[PDB]
Amino acid sequence: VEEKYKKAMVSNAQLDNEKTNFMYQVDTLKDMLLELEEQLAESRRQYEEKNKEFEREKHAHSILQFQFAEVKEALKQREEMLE
Amino acid sequence: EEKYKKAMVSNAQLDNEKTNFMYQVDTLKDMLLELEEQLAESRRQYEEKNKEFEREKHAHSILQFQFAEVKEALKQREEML
C-alpha cells in the first residue's frame with residue numbers, strides 16, 4: 001500500500017536522523033570522558049611530585065630537629081659547667 | 001508493496017540502535033559525574049600538599065637559622081676547652 005510504505009520510509013528518515021543525533025551525542029560524551037582522564041592523570045602527577053618534595057623536606061627538616069636538640073643540650077651543659 | 005517488508009525491518013533495527021545509544025548516554029553521564037568527583041578530589045589533595053610543603057619549607061628555614069646560631073654559640077665554648 002502506497003500510504004503504509006510512505007509513512008514507513010518517512011519514519012525511516014525520522015529514525016535515522018534521531019539515531020545519528022544520539023550517535024553525535026555519545027561520541028561527544030566519549031571525548032569528554034577521555035579529556036577528563038587526561039586531566040585526572042595530569043592532576044595525579046602534580047600531587048605525586050609535590051608529595052615527593054614535601055617528603056624530602058619533612059625528612060631533611062626532621063634530621064635537623066635531631067641535631068639541634070642534641071647541640072642545644074651540649075650548649076646548656078657548657079653554661080652549666082661554668083656556673 | 002514488496003520492499004515494505006524490508007522498510008519495516010530496517011525500521012525496527014534503527015529503533016533498537018537508538019535505544020542502545022540511549023543507554024550509553026546514561027552510563028557515560030554517570031561515569032563523567034564520578035570522574036569530576038575524582039578529579040576535584042585530586043585537585044583538592046594537591047592544594048593541601050602544596051600548602052603542607054610551604055609550611056614545611058618555612059619551618060625548616062626558621063630552624064636552620066636557630067641551628068646556625070646555636071652551633072656557633074657552641075663553638076666558642078668548645079674552642080675554650
# chains A, B, ... in the order shown; residues from 1 in each chain; ligands from 1

$ interface_residues --of "chain B" --to "chain A" --cutoff "9 Å" --atoms "only C-alpha atoms" --output "ChimeraX atom specification"
/B:1,3-4,7-8,10-11,14-15,17-19,21-22,24-25,28-29,31-32,35-36,38-40,42-43,45-47,49-50,52-54,56-57,59-61,63-64,66-67,70-71,73-74,77-78

$ atom_distance --atom1 "CA of residue 7 in chain A" --atom2 "CA of residue 5 in chain B"
13.1 Å

$ decode --residues "range 30-42 of chain A" --atoms "C-alpha atoms" --output "PDB file, in the first residue's frame"
ATOM      1  CA  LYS A  30      33.159   9.803  24.987  1.00  0.00           C
ATOM      2  CA  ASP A  31      35.527  12.656  24.124  1.00  0.00           C
ATOM      3  CA  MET A  32      34.778  14.416  27.398  1.00  0.00           C
ATOM      4  CA  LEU A  33      35.458  11.153  29.184  1.00  0.00           C
ATOM      5  CA  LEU A  34      38.933  10.865  27.710  1.00  0.00           C
ATOM      6  CA  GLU A  35      39.593  14.616  28.139  1.00  0.00           C
ATOM      7  CA  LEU A  36      38.903  14.207  31.850  1.00  0.00           C
ATOM      8  CA  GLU A  37      41.099  11.113  32.024  1.00  0.00           C
ATOM      9  CA  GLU A  38      43.899  13.311  30.671  1.00  0.00           C
ATOM     10  CA  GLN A  39      43.213  15.963  33.312  1.00  0.00           C
ATOM     11  CA  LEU A  40      42.986  13.422  36.117  1.00  0.00           C
ATOM     12  CA  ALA A  41      46.347  11.973  35.059  1.00  0.00           C
ATOM     13  CA  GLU A  42      47.827  15.470  34.999  1.00  0.00           C
TER      14      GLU A  42
END
